[PDB]
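Data block below; observations after.
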Amino acid sequence: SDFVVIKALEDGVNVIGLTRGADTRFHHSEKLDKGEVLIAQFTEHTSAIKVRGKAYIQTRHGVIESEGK
Amino acid sequence: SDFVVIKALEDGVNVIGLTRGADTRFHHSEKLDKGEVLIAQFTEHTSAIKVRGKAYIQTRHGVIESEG
Amino acid sequence: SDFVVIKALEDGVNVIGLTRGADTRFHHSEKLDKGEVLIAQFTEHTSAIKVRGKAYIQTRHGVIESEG
Amino acid sequence: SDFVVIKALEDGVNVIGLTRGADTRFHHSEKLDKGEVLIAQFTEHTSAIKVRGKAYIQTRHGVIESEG
Amino acid sequence: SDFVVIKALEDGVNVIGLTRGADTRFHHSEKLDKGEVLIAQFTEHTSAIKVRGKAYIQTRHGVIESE
Amino acid sequence: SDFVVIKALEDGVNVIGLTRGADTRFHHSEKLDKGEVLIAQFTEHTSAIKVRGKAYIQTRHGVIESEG
Amino acid sequence: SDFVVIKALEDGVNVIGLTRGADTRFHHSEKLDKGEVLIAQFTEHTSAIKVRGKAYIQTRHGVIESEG
Amino acid sequence: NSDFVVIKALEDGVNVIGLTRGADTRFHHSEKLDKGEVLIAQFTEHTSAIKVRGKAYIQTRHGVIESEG
Amino acid sequence: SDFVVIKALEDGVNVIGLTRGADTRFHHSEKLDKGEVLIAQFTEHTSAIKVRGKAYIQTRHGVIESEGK
Amino acid sequence: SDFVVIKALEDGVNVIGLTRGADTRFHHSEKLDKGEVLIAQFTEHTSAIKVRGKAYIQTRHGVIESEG
Amino acid sequence: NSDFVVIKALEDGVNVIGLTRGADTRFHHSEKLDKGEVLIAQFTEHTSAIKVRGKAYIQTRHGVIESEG
Ligand SMILES: N[C@@H](Cc1c[nH]c2ccccc12)C(=O)O
Ligand SMILES: N[C@@H](Cc1c[nH]c2ccccc12)C(=O)O
Ligand SMILES: N[C@@H](Cc1c[nH]c2ccccc12)C(=O)O
Ligand SMILES: N[C@@H](Cc1c[nH]c2ccccc12)C(=O)O
Ligand SMILES: N[C@@H](Cc1c[nH]c2ccccc12)C(=O)O
Ligand SMILES: N[C@@H](Cc1c[nH]c2ccccc12)C(=O)O
Ligand SMILES: N[C@@H](Cc1c[nH]c2ccccc12)C(=O)O
Ligand SMILES: N[C@@H](Cc1c[nH]c2ccccc12)C(=O)O
Ligand SMILES: N[C@@H](Cc1c[nH]c2ccccc12)C(=O)O
Ligand SMILES: N[C@@H](Cc1c[nH]c2ccccc12)C(=O)O
Ligand SMILES: N[C@@H](Cc1c[nH]c2ccccc12)C(=O)O
């Protein structure tokens with residue numbers, strides 16, 4: 001199963017897993033501070049992942065960068 | 001199972017799931033504000049995804065950009 | 001399964017799913033306005049997809065363009 | 001399962017499904033007008049496809065063009 | 001399952017399917033006129049394909065031409 | 001299953017299927033006239049294939065030619 | 001099944017395994033001294049791994065570096 | 001779905017020999033090729049090693065090799 | 001299943017297997033002296049591997065070096 | 001399932017199959033004379049293969065030469 | 001269908017040591033190689049780690065490495 005790499009570029013970044021199934025809502029928000037890396041899979045319980053905050057992201061499709069409000 | 005990366009390029013972008021099955025209708029619309037990134041799989045419930053508003057999109061077939 | 005990306009280059013583009021099975025007919029027509037993007041799988045219900053209107057399309061086989 | 005992309009380069013192009021099985025006959029013919037694209041899988045019911053009329057075709061093996 | 005692309009370069013091209021199984025015979029011959037393309041899989045009933053007539057052929061192993 | 005492409009460069013080329021199993025013998029010979037192409041799989045019944053006569057052969061491991 | 005390589009660039013790097021399942025919390029923390037390497041899989045019990053502290057990280061998607 | 005070897009005889013009397021799969025190893029078949037004939041032969045439920053004797057041009061997934069008589 | 005290659009660059013390198021499952025602990029420490037090579041899989045019993053000591057390491061993601069103590 | 005190509009570069013090259021299983025010993029030695037080629041799989045009975053004598057060897061990891 | 005390693009002895013008395021798969025880890029076999037011999041050895045039901053002692057040229061799917069005596 002695929003995974004995404006997320007490196008926080010400032011404090012307070014949130015990687016949010018959205019529930020798998022007919023229902024779509026946030027089940028968990030993992031908070032990352034500046035410099036930390038989260039490597040997160042898609043799973044039975046998480047079928048979409050949202051990133052809020054400034055972060056450097058790698059997936060199988062390449063690099064992308066989230067920008068904070 | 002594949003996924004698509006969506007980065008919002010302005011406020012109020014909508015990433016819309018369409019139901020898998022005999023029936024095709026919306027089911028969920030995830031609102032992304034500017035700079036937010038959503039990475040979303042195809043799933044038992046979602047077999048098509050629409051993007052509305054200005055966003056940078058990556059799939060296994062390359063980059064594409066939606067326009068609001 | 002494989003999926004196709006379709007970006008509407010003008011208003012009222014139709015992405016039409018043809019039923020899987022012994023019978024072949026349209027079960028669903030998804031209208032895209034200019035600039036919208038539809039990322040759509042082949043599925044248990046859909047074994048062929050037809051695009052009507054000006055659009056930019058990506059498949060595993062590369063780029064192709066439908067014209068109005 | 002594999003698919004073929006067909007872009008009609010003139011009106012009245014026919015994309016014809018041939019039946020899977022001991023029997024071989026045409027079970028469906030999809031008519032494409034100029035600039036329409038059809039992306040069509042091999043399936044339980046369709047194990048060979050025939051294109052008649054001027055079209056641009058992509059498959060896993062590359063590009064080929066049918067002529068009217 | 002893999003497929004072959006055949007483009008007829010002249011009228012009257014035959015794409016012939018050969019039976020899978022202990023015995024080998026032709027069970028279908030599809031006629032292609034000039035410019036028509038057939039894309040044909042190997043299947044439960046067809047384990048070999050013969051092309052007669054002038055055509056441009058593509059497979060996973062690249063291009064070949066019948067005459 | 002893998003397949004082999006054989007193009008006959010002279011009349012009378014033989015493409016010979018050898019039986020799968022503890023016994024090895026020829027079960028079929030398909031005769032090809034100059035310029036005919038045969039695309040033939042390995043199968044439940046055919047675990048080796050022999051070619052006699054002048055032909056251009058393609059397999060997954062590249063081109064080889066047989067000579068009469 | 002995928003794995004990540006973590007090389008500690010200073011003492012006390014913390015590799016944190018998050019529980020697979022409807023609930024998310026950490027179930028194990030493996031500390032690495034400077035120059036030590038951990039090569040760790042995604043598993044039935046771990047579906048996300050967080051790195052705290054200065055580390056050089058390799059995954060299938062390339063190199064990334066955590067900073068303390 | 002198994003791998004296969006291509007053997008082109010470069011002289012008469014080339015032998016492609018199949019060795020039995022299983023606890024017993026022996027030759028179970030020897031296919032004679034004359035000059036310029038080609039044999040494309042799979043590994044099988046009965047054949048888990050293949051010996052070539054005589055001068056032949058051989059292709060496997062590992063590339064070209066040549067046997068010498 | 002994946003494996004890692006470890007070549008000891010000094011005496012006394014440890015290649016340590018961590019238990020698969022809900023419990024995580026070391027279950028084995030393989031000592032390598034200089035110049036010895038260990039090629040070790042992930043397994044039903046080992047889902048993470050730690051190297052301590054100076055070693056040259058190859059994985060499917062490429063070369064990494066552990067630095068000694 | 002993998003295979004090794006062995007080309008004898010002198011007479012009496014010995015290709016030795018080691019038993020799969022909890023015990024390890026040789027169960028077959030196949031001698032090759034100069035210029036003969038053996039293409040041998042790993043199998044239910046052979047999980048390690050030893051070559052003695054001068055031989056040119058291909059495996060999926062490249063070429064290697066034994067020295068006799 | 002497992003991975004395999006290629007070991008070529010560069011001196012006499014090289015040892016290719018198979019380690020037991022499973023909860024317990026011990027040497028179950030040491031195959032001794034003399035100079036110039038090549039062993040091609042799979043990972044298996046019984047062997048989940050392989051140790052090489054002595055001077056040898058090694059190939060695996062991650063590249064070449066050399067053990068030293
Ligand atoms: N318990 C969660 C852990 C997780 C994996 N990937 C995530 C992405 C975002 C948030 C949480 C997660 C799960 O198995 O799904
Ligand atoms: N619960 C939804 C989550 C989701 C995944 N991909 C999406 C794309 C668009 C909207 C929602 C989704 C599902 O599993 O299908
Ligand atoms: N409910 C439809 C959704 C769909 C997927 N791909 C499409 C292409 C065209 C039209 C509809 C669709 C299905 O599961 O098949
Ligand atoms: N109902 C048809 C739809 C179809 C798929 N590919 C085609 C090619 C040609 C004609 C029809 C089709 C089927 O599932 O087979
Ligand atoms: N009914 C035939 C159709 C077919 C597929 N490929 C072919 C090649 C030649 C002739 C017929 C065919 C089958 O499923 O086998
Ligand atoms: N009926 C034969 C047809 C065949 C397939 N490949 C061949 C190669 C050579 C000769 C015959 C064949 C079979 O299924 O095996
Ligand atoms: N009847 C033999 C035919 C064969 C396949 N590959 C071979 C290689 C050599 C000799 C014979 C063969 C088998 O199925 O195994
Ligand atoms: N008996 C251990 C052997 C082993 C494999 N890889 C390892 C890595 C480190 C330590 C021990 C091992 C197991 O099967 O898991
Ligand atoms: N017992 C843990 C070991 C582990 C694997 N990968 C990890 C990553 C982080 C922390 C622990 C681990 C497991 O099998 O899941
Ligand atoms: N009967 C043996 C034949 C064999 C295959 N590969 C070998 C390598 C060496 C010696 C014998 C063999 C087997 O099936 O295992
Ligand atoms: N009987 C051993 C043979 C073996 C394979 N690879 C090895 C590596 C080292 C020592 C012995 C072996 C086994 O099946 O596991």
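Ligands are numbered from 1 in the order shown, residues from 1 within each chain, and chains are lettered A, B, ... in the order they appear in the structure tokens.
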
Discussion item. Neighbouring residues of residue 46 (chain I) were defined as those with any atom within 8 Å, considering only C-alpha atoms; residues of the same chain fewer than 3 positions away were excluded. Please report them as a list in words.
Written reply: residues 17, 18, 19, 20, 42, 43 and 49 of chain I

Just the selected residues (N, CA, C and O atoms), exported as a PDB file, in the first residue's frame, please.
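As a result, again.pdb now contains:
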```
ATOM      1  N   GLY I  17      17.867  -7.643  15.433  1.00  0.00           N
ATOM      2  CA  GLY I  17      16.530  -7.838  14.883  1.00  0.00           C
ATOM      3  C   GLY I  17      15.497  -7.411  15.916  1.00  0.00           C
ATOM      4  O   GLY I  17      15.599  -7.822  17.092  1.00  0.00           O
ATOM      5  N   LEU I  18      14.479  -6.632  15.504  1.00  0.00           N
ATOM      6  CA  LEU I  18      13.420  -6.196  16.419  1.00  0.00           C
ATOM      7  C   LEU I  18      12.171  -7.093  16.119  1.00  0.00           C
ATOM      8  O   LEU I  18      11.822  -7.341  14.923  1.00  0.00           O
ATOM      9  N   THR I  19      11.433  -7.474  17.176  1.00  0.00           N
ATOM     10  CA  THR I  19      10.312  -8.414  16.995  1.00  0.00           C
ATOM     11  C   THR I  19       9.183  -7.787  16.160  1.00  0.00           C
ATOM     12  O   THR I  19       8.769  -6.635  16.407  1.00  0.00           O
ATOM     13  N   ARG I  20       8.616  -8.600  15.272  1.00  0.00           N
ATOM     14  CA  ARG I  20       7.381  -8.202  14.617  1.00  0.00           C
ATOM     15  C   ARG I  20       6.216  -8.325  15.572  1.00  0.00           C
ATOM     16  O   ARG I  20       6.161  -9.254  16.368  1.00  0.00           O
ATOM     17  N   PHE I  42      13.830  -9.204   6.094  1.00  0.00           N
ATOM     18  CA  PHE I  42      12.642  -9.073   6.934  1.00  0.00           C
ATOM     19  C   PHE I  42      11.845 -10.332   6.938  1.00  0.00           C
ATOM     20  O   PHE I  42      11.832 -11.057   5.926  1.00  0.00           O
ATOM     21  N   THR I  43      11.226 -10.661   8.049  1.00  0.00           N
ATOM     22  CA  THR I  43      10.698 -12.010   8.205  1.00  0.00           C
ATOM     23  C   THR I  43       9.418 -12.006   9.038  1.00  0.00           C
ATOM     24  O   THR I  43       9.002 -11.015   9.506  1.00  0.00           O
ATOM     25  N   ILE I  49      15.319  -3.669  11.720  1.00  0.00           N
ATOM     26  CA  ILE I  49      16.681  -4.081  11.901  1.00  0.00           C
ATOM     27  C   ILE I  49      17.462  -2.809  12.260  1.00  0.00           C
ATOM     28  O   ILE I  49      17.324  -1.795  11.543  1.00  0.00           O
TER      29      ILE I  49
END
```

Fill in: Test item: residues lying within 9 Å of ligand 10 with only C-alpha atoms and all ligand atoms, as number ranges by chain
H: 19-26, 46-50; J: 3-4, 15-20, 26-30, 38-51

Superposed chain A (ref. Chain I, all C-alpha pairs in order) as a PDB file with C-alpha atoms, in the first residue's frame:
```
ATOM      1  CA  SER A   1      10.551 -10.282   0.871  1.00  0.00           C
ATOM      2  CA  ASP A   2      13.201  -7.515   1.074  1.00  0.00           C
ATOM      3  CA  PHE A   3      16.698  -7.948   2.482  1.00  0.00           C
ATOM      4  CA  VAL A   4      19.481  -5.644   3.554  1.00  0.00           C
ATOM      5  CA  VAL A   5      23.217  -6.215   3.000  1.00  0.00           C
ATOM      6  CA  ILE A   6      25.543  -5.218   5.899  1.00  0.00           C
ATOM      7  CA  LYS A   7      29.408  -5.312   5.627  1.00  0.00           C
ATOM      8  CA  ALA A   8      31.193  -4.709   8.953  1.00  0.00           C
ATOM      9  CA  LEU A   9      33.882  -1.933   8.624  1.00  0.00           C
ATOM     10  CA  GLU A  10      35.441  -2.694  12.098  1.00  0.00           C
ATOM     11  CA  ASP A  11      35.183  -5.549  14.697  1.00  0.00           C
ATOM     12  CA  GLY A  12      32.167  -5.912  16.980  1.00  0.00           C
ATOM     13  CA  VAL A  13      29.415  -4.561  14.658  1.00  0.00           C
ATOM     14  CA  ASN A  14      25.911  -5.683  15.776  1.00  0.00           C
ATOM     15  CA  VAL A  15      22.973  -6.242  13.454  1.00  0.00           C
ATOM     16  CA  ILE A  16      19.949  -6.379  15.816  1.00  0.00           C
ATOM     17  CA  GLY A  17      16.571  -7.844  14.713  1.00  0.00           C
ATOM     18  CA  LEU A  18      13.530  -6.301  16.410  1.00  0.00           C
ATOM     19  CA  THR A  19      10.444  -8.429  16.991  1.00  0.00           C
ATOM     20  CA  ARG A  20       7.464  -8.261  14.641  1.00  0.00           C
ATOM     21  CA  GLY A  21       4.037  -7.600  16.431  1.00  0.00           C
ATOM     22  CA  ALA A  22       2.555  -5.326  19.076  1.00  0.00           C
ATOM     23  CA  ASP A  23       5.687  -5.884  21.160  1.00  0.00           C
ATOM     24  CA  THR A  24       8.974  -4.300  20.126  1.00  0.00           C
ATOM     25  CA  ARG A  25      12.224  -5.670  21.544  1.00  0.00           C
ATOM     26  CA  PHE A  26      15.555  -7.156  20.422  1.00  0.00           C
ATOM     27  CA  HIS A  27      15.360 -10.884  19.823  1.00  0.00           C
ATOM     28  CA  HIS A  28      18.743 -11.451  18.311  1.00  0.00           C
ATOM     29  CA  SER A  29      21.986  -9.606  17.906  1.00  0.00           C
ATOM     30  CA  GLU A  30      24.296 -10.888  15.244  1.00  0.00           C
ATOM     31  CA  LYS A  31      27.902  -9.839  15.830  1.00  0.00           C
ATOM     32  CA  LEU A  32      30.037  -9.083  12.783  1.00  0.00           C
ATOM     33  CA  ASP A  33      33.778  -8.631  12.571  1.00  0.00           C
ATOM     34  CA  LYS A  34      35.676  -6.470  10.193  1.00  0.00           C
ATOM     35  CA  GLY A  35      35.237  -7.510   6.599  1.00  0.00           C
ATOM     36  CA  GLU A  36      32.288  -9.941   7.096  1.00  0.00           C
ATOM     37  CA  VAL A  37      29.019  -9.484   5.182  1.00  0.00           C
ATOM     38  CA  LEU A  38      25.551 -10.359   6.503  1.00  0.00           C
ATOM     39  CA  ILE A  39      22.599 -10.454   3.982  1.00  0.00           C
ATOM     40  CA  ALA A  40      19.451 -10.495   6.153  1.00  0.00           C
ATOM     41  CA  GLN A  41      15.744 -10.572   5.184  1.00  0.00           C
ATOM     42  CA  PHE A  42      12.754  -9.084   6.850  1.00  0.00           C
ATOM     43  CA  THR A  43      10.730 -12.044   8.142  1.00  0.00           C
ATOM     44  CA  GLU A  44       7.752 -13.321  10.171  1.00  0.00           C
ATOM     45  CA  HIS A  45       9.924 -12.650  13.319  1.00  0.00           C
ATOM     46  CA  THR A  46      11.938  -9.539  12.271  1.00  0.00           C
ATOM     47  CA  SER A  47      10.206  -6.371  11.063  1.00  0.00           C
ATOM     48  CA  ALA A  48      12.868  -3.776  11.855  1.00  0.00           C
ATOM     49  CA  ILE A  49      16.697  -4.157  11.877  1.00  0.00           C
ATOM     50  CA  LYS A  50      19.126  -1.886  13.786  1.00  0.00           C
ATOM     51  CA  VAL A  51      22.860  -1.640  12.971  1.00  0.00           C
ATOM     52  CA  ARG A  52      25.322  -0.462  15.682  1.00  0.00           C
ATOM     53  CA  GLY A  53      28.997  -0.012  14.712  1.00  0.00           C
ATOM     54  CA  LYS A  54      30.758   1.164  11.554  1.00  0.00           C
ATOM     55  CA  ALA A  55      29.231  -0.662   8.493  1.00  0.00           C
ATOM     56  CA  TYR A  56      28.537  -0.214   4.789  1.00  0.00           C
ATOM     57  CA  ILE A  57      24.827  -0.998   4.104  1.00  0.00           C
ATOM     58  CA  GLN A  58      22.840  -1.625   0.844  1.00  0.00           C
ATOM     59  CA  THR A  59      19.138  -1.788   0.583  1.00  0.00           C
ATOM     60  CA  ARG A  60      16.711  -1.404  -2.291  1.00  0.00           C
ATOM     61  CA  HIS A  61      16.791   2.376  -1.488  1.00  0.00           C
ATOM     62  CA  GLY A  62      20.631   2.635  -2.087  1.00  0.00           C
ATOM     63  CA  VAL A  63      23.792   2.763   0.105  1.00  0.00           C
ATOM     64  CA  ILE A  64      23.882   4.122   3.713  1.00  0.00           C
ATOM     65  CA  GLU A  65      26.649   3.930   6.269  1.00  0.00           C
ATOM     66  CA  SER A  66      26.313   3.390   9.993  1.00  0.00           C
ATOM     67  CA  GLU A  67      28.917   5.061  12.219  1.00  0.00           C
ATOM     68  CA  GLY A  68      29.923   3.681  15.640  1.00  0.00           C
ATOM     69  CA  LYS A  69      29.949   5.432  18.999  1.00  0.00           C
TER      70      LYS A  69
END
```

Worksheet item: Any idea what the distance is between atom 13 (C, counted along the ligand's line) of ligand 7 and CA of residue 22 (chain F)?
Response: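 According to the coordinates, atom 13 (C, counted along the ligand's line) of ligand 7 and CA of residue 22 (chain F) are separated by 6.0 Å.
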
Item to complete: Give the residue list for ligand 5 at 8 Å, counting only C-alpha atoms and all ligand atoms, as number ranges by chain, sorted by chain and then by residue number.
Response: D: 18-25, 46-48; E: 3, 15-18, 27-30, 39-46, 48-50

Export of the given selection (N, CA, C and O atoms) as a CSV table (one decimal), in the first residue's frame:
```
chain,number,residue,atom,x,y,z
D,18,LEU,N,-16.2,-7.3,-30.7
D,18,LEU,CA,-16.5,-8.7,-31.2
D,18,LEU,C,-16.6,-9.6,-30.0
D,18,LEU,O,-15.9,-9.4,-29.0
D,19,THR,N,-17.6,-10.5,-30.0
D,19,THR,CA,-17.9,-11.3,-28.8
D,19,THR,C,-16.7,-12.2,-28.4
D,19,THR,O,-16.1,-13.0,-29.2
D,20,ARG,N,-16.5,-12.3,-27.0
D,20,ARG,CA,-15.7,-13.2,-26.4
D,20,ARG,C,-16.3,-14.6,-26.5
D,20,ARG,O,-17.6,-14.7,-26.4
D,21,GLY,N,-15.6,-15.7,-26.7
D,21,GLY,CA,-16.2,-17.0,-26.7
D,21,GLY,C,-16.0,-17.9,-27.9
D,21,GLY,O,-15.2,-17.5,-28.8
D,22,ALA,N,-16.7,-19.0,-28.0
D,22,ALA,CA,-16.6,-19.9,-29.2
D,22,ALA,C,-17.2,-19.2,-30.4
D,22,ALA,O,-16.7,-19.5,-31.5
D,23,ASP,N,-18.1,-18.3,-30.2
D,23,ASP,CA,-18.7,-17.6,-31.2
D,23,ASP,C,-18.0,-16.2,-31.5
D,23,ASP,O,-17.8,-15.5,-30.5
D,24,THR,N,-17.8,-15.9,-32.7
D,24,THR,CA,-17.4,-14.6,-33.0
D,24,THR,C,-18.3,-13.7,-33.9
D,24,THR,O,-18.4,-14.0,-35.1
D,25,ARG,N,-18.8,-12.7,-33.4
D,25,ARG,CA,-19.7,-11.8,-34.2
D,25,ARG,C,-19.7,-10.5,-33.6
D,25,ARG,O,-19.2,-10.4,-32.5
D,46,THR,N,-16.1,-8.7,-24.6
D,46,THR,CA,-15.5,-8.1,-25.8
D,46,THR,C,-14.0,-8.5,-25.9
D,46,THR,O,-13.3,-8.1,-25.0
D,47,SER,N,-13.6,-9.4,-26.8
D,47,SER,CA,-12.2,-9.9,-26.8
D,47,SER,C,-11.4,-9.5,-28.0
D,47,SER,O,-10.3,-9.9,-28.2
D,48,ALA,N,-12.0,-8.8,-28.9
D,48,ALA,CA,-11.4,-8.2,-30.1
D,48,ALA,C,-12.2,-6.9,-30.4
D,48,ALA,O,-13.4,-6.9,-30.3
E,3,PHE,N,-2.6,-8.8,-26.4
E,3,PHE,CA,-3.3,-8.5,-27.7
E,3,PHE,C,-2.3,-8.1,-28.9
E,3,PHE,O,-1.2,-7.7,-28.6
E,15,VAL,N,-7.6,-12.2,-40.6
E,15,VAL,CA,-7.0,-12.5,-39.2
E,15,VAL,C,-7.7,-13.7,-38.7
E,15,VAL,O,-8.9,-13.7,-38.5
E,16,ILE,N,-6.9,-14.8,-38.5
E,16,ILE,CA,-7.5,-16.2,-38.3
E,16,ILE,C,-7.2,-16.6,-36.9
E,16,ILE,O,-6.0,-16.5,-36.5
E,17,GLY,N,-8.2,-17.1,-36.1
E,17,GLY,CA,-7.9,-17.6,-34.8
E,17,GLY,C,-7.9,-19.1,-34.8
E,17,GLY,O,-8.7,-19.8,-35.4
E,18,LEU,N,-6.9,-19.6,-34.0
E,18,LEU,CA,-6.6,-21.0,-33.9
E,18,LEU,C,-7.0,-21.5,-32.5
E,18,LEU,O,-6.7,-20.8,-31.5
E,27,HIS,N,-11.0,-21.4,-36.1
E,27,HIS,CA,-12.4,-21.4,-35.7
E,27,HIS,C,-13.0,-20.1,-36.2
E,27,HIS,O,-14.2,-19.9,-36.3
E,28,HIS,N,-12.2,-19.1,-36.6
E,28,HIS,CA,-12.8,-17.9,-37.1
E,28,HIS,C,-11.8,-17.2,-38.0
E,28,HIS,O,-10.6,-17.2,-37.7
E,29,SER,N,-12.3,-16.6,-39.1
E,29,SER,CA,-11.4,-15.7,-39.9
E,29,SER,C,-12.1,-14.4,-40.0
E,29,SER,O,-13.3,-14.4,-40.5
E,30,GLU,N,-11.5,-13.3,-39.6
E,30,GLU,CA,-12.1,-12.0,-39.7
E,30,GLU,C,-11.5,-11.4,-40.9
E,30,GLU,O,-10.3,-11.2,-40.9
E,39,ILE,N,-7.9,-5.1,-33.2
E,39,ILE,CA,-7.1,-5.3,-32.0
E,39,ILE,C,-7.7,-6.6,-31.3
E,39,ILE,O,-8.9,-6.6,-30.9
E,40,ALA,N,-6.9,-7.6,-31.2
E,40,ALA,CA,-7.4,-9.0,-30.9
E,40,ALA,C,-6.6,-9.6,-29.8
E,40,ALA,O,-5.3,-9.7,-29.9
E,41,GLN,N,-7.3,-10.1,-28.7
E,41,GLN,CA,-6.6,-10.7,-27.7
E,41,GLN,C,-6.4,-12.2,-27.9
E,41,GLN,O,-7.2,-12.8,-28.7
E,42,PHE,N,-5.5,-12.8,-27.2
E,42,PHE,CA,-5.5,-14.2,-26.9
E,42,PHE,C,-6.6,-14.5,-25.9
E,42,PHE,O,-6.8,-13.6,-25.0
E,43,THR,N,-7.2,-15.6,-25.9
E,43,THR,CA,-8.4,-15.8,-25.1
E,43,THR,C,-8.5,-17.3,-24.8
E,43,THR,O,-7.7,-18.2,-25.2
E,44,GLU,N,-9.6,-17.6,-24.1
E,44,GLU,CA,-9.9,-19.0,-23.7
E,44,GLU,C,-10.0,-19.9,-25.0
E,44,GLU,O,-9.5,-21.0,-25.0
E,45,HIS,N,-10.5,-19.3,-26.0
E,45,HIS,CA,-10.7,-20.1,-27.3
E,45,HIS,C,-9.7,-19.9,-28.4
E,45,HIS,O,-9.6,-20.7,-29.3
E,46,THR,N,-8.8,-18.9,-28.2
E,46,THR,CA,-7.8,-18.6,-29.3
E,46,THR,C,-6.4,-18.5,-28.6
E,46,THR,O,-6.1,-17.6,-27.8
E,48,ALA,N,-3.5,-18.9,-30.7
E,48,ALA,CA,-2.6,-18.6,-31.8
E,48,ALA,C,-3.4,-17.8,-32.9
E,48,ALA,O,-4.6,-18.0,-33.0
E,49,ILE,N,-2.7,-16.9,-33.6
E,49,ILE,CA,-3.4,-16.0,-34.5
E,49,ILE,C,-2.5,-16.0,-35.7
E,49,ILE,O,-1.3,-15.9,-35.6
E,50,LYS,N,-3.2,-16.2,-36.9
E,50,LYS,CA,-2.4,-16.2,-38.2
E,50,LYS,C,-2.9,-15.0,-39.0
E,50,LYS,O,-4.1,-14.7,-38.9
```
